[PDB]
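Per-chain numbering from 1; labels A, B, C, D and E assigned in written order.
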Amino acid sequence: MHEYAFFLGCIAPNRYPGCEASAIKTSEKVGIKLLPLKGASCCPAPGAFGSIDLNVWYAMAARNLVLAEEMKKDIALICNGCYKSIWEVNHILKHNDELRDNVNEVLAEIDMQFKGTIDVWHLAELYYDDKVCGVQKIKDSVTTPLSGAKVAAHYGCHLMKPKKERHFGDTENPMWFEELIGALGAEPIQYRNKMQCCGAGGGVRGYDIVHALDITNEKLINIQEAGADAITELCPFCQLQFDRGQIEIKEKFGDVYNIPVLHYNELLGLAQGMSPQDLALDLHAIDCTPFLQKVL
Amino acid sequence: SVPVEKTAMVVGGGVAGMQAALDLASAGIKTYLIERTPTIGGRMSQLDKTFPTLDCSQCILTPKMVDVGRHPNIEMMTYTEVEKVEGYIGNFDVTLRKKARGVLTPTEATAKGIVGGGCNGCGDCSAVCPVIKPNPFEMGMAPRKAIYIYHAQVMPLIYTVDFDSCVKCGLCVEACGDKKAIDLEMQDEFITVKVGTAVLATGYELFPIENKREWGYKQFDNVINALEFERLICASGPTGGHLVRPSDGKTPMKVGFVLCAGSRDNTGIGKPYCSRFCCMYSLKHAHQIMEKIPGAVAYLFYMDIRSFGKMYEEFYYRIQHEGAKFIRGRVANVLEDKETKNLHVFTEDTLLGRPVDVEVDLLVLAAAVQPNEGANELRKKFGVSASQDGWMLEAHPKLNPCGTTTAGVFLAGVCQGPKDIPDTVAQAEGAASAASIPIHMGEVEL
Amino acid sequence: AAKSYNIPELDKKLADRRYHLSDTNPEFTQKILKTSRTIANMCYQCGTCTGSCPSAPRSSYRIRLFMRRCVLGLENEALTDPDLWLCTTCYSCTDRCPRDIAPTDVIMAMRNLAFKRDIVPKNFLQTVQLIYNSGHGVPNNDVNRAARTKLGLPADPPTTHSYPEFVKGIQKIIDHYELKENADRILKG
Amino acid sequence: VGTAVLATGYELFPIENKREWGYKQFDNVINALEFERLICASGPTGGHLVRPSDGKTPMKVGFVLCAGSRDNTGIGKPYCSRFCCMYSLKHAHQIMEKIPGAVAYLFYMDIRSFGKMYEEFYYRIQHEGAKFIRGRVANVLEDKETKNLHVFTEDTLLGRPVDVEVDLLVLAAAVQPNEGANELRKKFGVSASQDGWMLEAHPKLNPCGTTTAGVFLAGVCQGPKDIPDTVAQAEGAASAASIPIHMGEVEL
Amino acid sequence: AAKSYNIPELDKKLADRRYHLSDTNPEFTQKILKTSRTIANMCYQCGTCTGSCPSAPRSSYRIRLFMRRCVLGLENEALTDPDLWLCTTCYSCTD
């Protein structure tokens, strides 16, 4: 019954709306209420925006935080990069006095202030936690067994790293997201260097695309050698890079990969009986049809 | 002003404690040597060879160990612990816990009233015990019975029994019949002794490197620590001195050495200090693998090779001459191949300035050293403070490295901070002299 | 490296490779410390950071060299280095550094200083344009409006796109840091 | 006497050899003991480190570590002197504290802070602002007009040649036995070691003793050591010498 | 550096920079020792040689890197390096 503001950054609503729809409905049938933010904007993307100016990054993330503050609710997220921006700026401004003062005197031009009363959670954080819906409740909410599918999990980087700035435990062989896939009935597989960056961070995916694709292709080589039927994500950046990059690796290089990659919420929807049609599988660059035929 | 009892206590039977007890006894003072373990030898008994002279550790230590046992001025109370200490430099009333040995010495058997001696050390009891437990001397790598000795060259060879693991079947009793050395129903004894001075020589243990997940010490089967490597490379170890891979038993052709493992770290997980001897036994291990296994190559992932002492730099020269590869870079992380459990070590070779991925059949971590478990409780029993690094604090960092602020208590060995064996022995002799001063004068003023 | 010759090919080929104490300006290093919020001067060059980097094996990017340049205050060498935008900010180096340094935060501070000298890839400026216009670095288009309608979703998400009044406010934030003006004057042909 | 203890100590290796460091021919190049005397309040000046060339305070001091050490060329010593890294750090701290705005450059090749509270000292020295260039000094020139010292080496980390300008250059010279120590140790029938220090009865289990009975070694004469290690060695030697005196008899 | 692509520009741009133990051939290093008549394997990379070099300040030539390559047996990297003919053989490093 716990209720959260749903920040909903750029890529999930603007290229993969099925992730948005699955997030709302799947979180609704389990005991969570995701409901919209009042005019949220791009969380200043930590790579593409935090590289050129840190103060504008602070100001925009703080504005996003104080929207939910004046909304009197704490934020839920489905993006690792959005988590980085929102959660990190929230953590920083609650402790640094002079940075918070500078942010507030910038925000005074739009008559709206930061004080630090709410918290930020990733939807995966909530899906694991015991007081909020636990793994057992998700397992119970599964209607279609969704078994017989080798699934590879990609944790991303901005959610769990660094240890000294996060609270998710070991960033070097985590198994919790693996339990999240396992609850759905899909068997998670292990592949070498599974904690490797996808390569799309820091603006690299825009700056020198071939370098970013080489980092993605290394990951894809490892994932195919493991024998994965699909890749699962907690980040629309990683979603975008894996799907479109498979399209650009097929083009730039000569490597053929037909591995569908899904955000975890589409997998939750498929496990909870949602059709491919209302998950908008057709907006993915890489067809999910082999995976659906394997599981259905 | 106050008299001093002509007795001394040395806690810890390691090389430091053994040397302190021998020095005090040779000076003519009656001394108590208190040992937690059933044998005195200490960490030096676990080493195979010694840098930089490459001498065999047991061979040098065996004469010193034999002397402590025979010496008439030393009462060697092994398998005992200090329960309580009261008093001051004049008289120290120390009460000791004689843990249940389970086996009687001939002196104790005579005192009991039976002419049958106790435990000549035949070893027939261990041949019939049906319980199989890990051996702490090899520390989990070799099997031992419920009644056991740490190794063959134990000073008191009396075959202690672990009552927490013994099922009390009574087969060793029949194996030892007509000597009646084994009493399965004995318990702890509380004794009180009066001593004039005390010497603390508690030593050290290995820092728990289950943390630092980037090196899969407990994750990957072919990742071991330094002491495990010493036990594996010794001819008296779990195998016949043949270094084999724990994963499949095959002989490795290629092993890496991760120096500063958990050391010089400010992240709050490891230790911020240098353990002062990791580099040298890493070099010794490289020499031993290159000599024993033909064609095997050692890779040392190092950062400030520290060969500072007498003949230490020449040992470094010899090791480099024998073909050891030195990559100047702290190991970033370690992966393993699922098929063949080889270990990929990822770091930079900062010299040559390039990223490096080195295959190894075996990986050895030169873990930092830590005070032993229960050392803080004992240190509080004698009223000794700790250092900022967690080691026992000395009276003055320069001109009194053995004494403490509390009178009549002196430190010796790694318990005061990591040291080599010669430095440890020098500290032990100095502590013995400092403890002998009040006893020889027979009076102190406070 | 004997002296300046005013022949550009020879000045490039005979560039002085020796570090001099006149090559160090402290001002650069404490701008880096006062922006990155990390103890950058405490690096002792263990190489764990570079050994962790996913960009190092496939390029000339070396985070350890950047840390060394920061310690020695070598501006005009770190800032004008094309391997400054190859960092993905994966935070592996920060996760593993034994000195509790965040080298990626040093990278971010260096990128800020490089932007204040008109050294910046054009994708960042394009993202600035997009966020200033619509509040979204990755904006919506007609095809996804149709897709969202087919999903039962509203055509425009509950964002500054649905509520344009907030966008002006966002603009003010950029306008406070002169970011729009710089992006415009650097995006010139 | 009944027993004897030898504590002859050490002297500085003559760094007038190894010509590429201008110890004797350049006036602003000094050794570590000279630096200690110059910076002590009881020294020739009022503790004010000044340049010997003109008496003006320096703003830039270089420290050449390993000067004549770990050297296999036959001129220097092939061993490590144990404490030159630590007192070089101490000197860098002292110059950066006493002279405001002065910068210390330590040209080092394996910083060796092994003892208790030594790594923390190294951390503190780096934190206070000392510069560490990982490179053995190749050579030293001096400018004829201003007697400042050009130090040429390579920063092997960062991989570039380097020419550092310093007002003062301090050589952390190696240590060797005092003059006349070999004659004394021959006078007591004590053999030397292959480094030239006095030999031990057993390198491991008898650091204080000697093959000749009744003679014991203490201090750096047995090998370079810190003050605490030296004191521990001296107390051990005193105990070993006192044992036969206390017993009153030596059992054959 | 993921794998070979057969696009020469991309193979040059994404060259694998990681030293591997397959990159070392001993045969190169003992040919070097049996021809140069010097104890080359005993280098511990102090950098005095590069700090002495008159060619280093005005080029990319680093004698210490060549010594490291010899120790690690990196043929096809030392031999095919244009900064191998910039040494004037002034013997300052040897000195």
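Observations on the model:
One rule holds for everything that comes next: contacts are C-beta pairs under 8 Å (C-beta built on N, C-alpha and C of every residue); 3 or more make two chains touch, one makes a residue touch a chain.
For the pairs B-C and A-C, the larger set of C-beta contacts lies at A-C. With centres defined as mean CA coordinates, chain E is found 44 Å away from chain B. Chain A and chain D have Cα centroids separated by 58 Å. Chain B and chain D, compared by their mean Cα positions, are separated by 33 Å. Looking at chain A, one finds that residues 164, 211, 214-215 touch two or more other chains.
Shown for chain D are the residues in touch with two or more other chains, namely 123, 134, 155-157, 159, 161-162. In chain C, the residues that reach two or more other chains under the touch definition are 17-18, 45, 56-59, 64-65, 100. Chain pairs that touch one another are A-B, A-C, A-E, B-C, B-D, B-E, C-D, C-E, D-E. Chain A makes touch with chain B in their complex at residues 164, 170, 172-173, 190, 192-193. Chain contact summary for the complex, chain A toward chain C: residues 8, 10-11, 13-15, 17-18, 20-21, 36-42, 44-56, 59-60, 63, 106-107, 109-110, 112, 157-158, 161-164, 171, 196-197, 199-204, 206-208, 211-212, 214-215, 278, 280, 283. By the touch rule above, chain B contacts chain D in their complex via residues 15, 19, 23, 26-28, 50, 53, 55, 60-61, 64, 264, 266, 272-274, 276, 304-314, 317, 350-351, 353, 387-389, 391, 397-402, 416-418, 421-423, 425-434, 436, 440. Residues 1-2, 14-18, 56-60 of chain C are the ones touching chain E in the complex.
On chain B, the positions that touch chain C within their shared complex are 214, 264-267, 270, 303, 328-333, 346-350, 353, 355-356.
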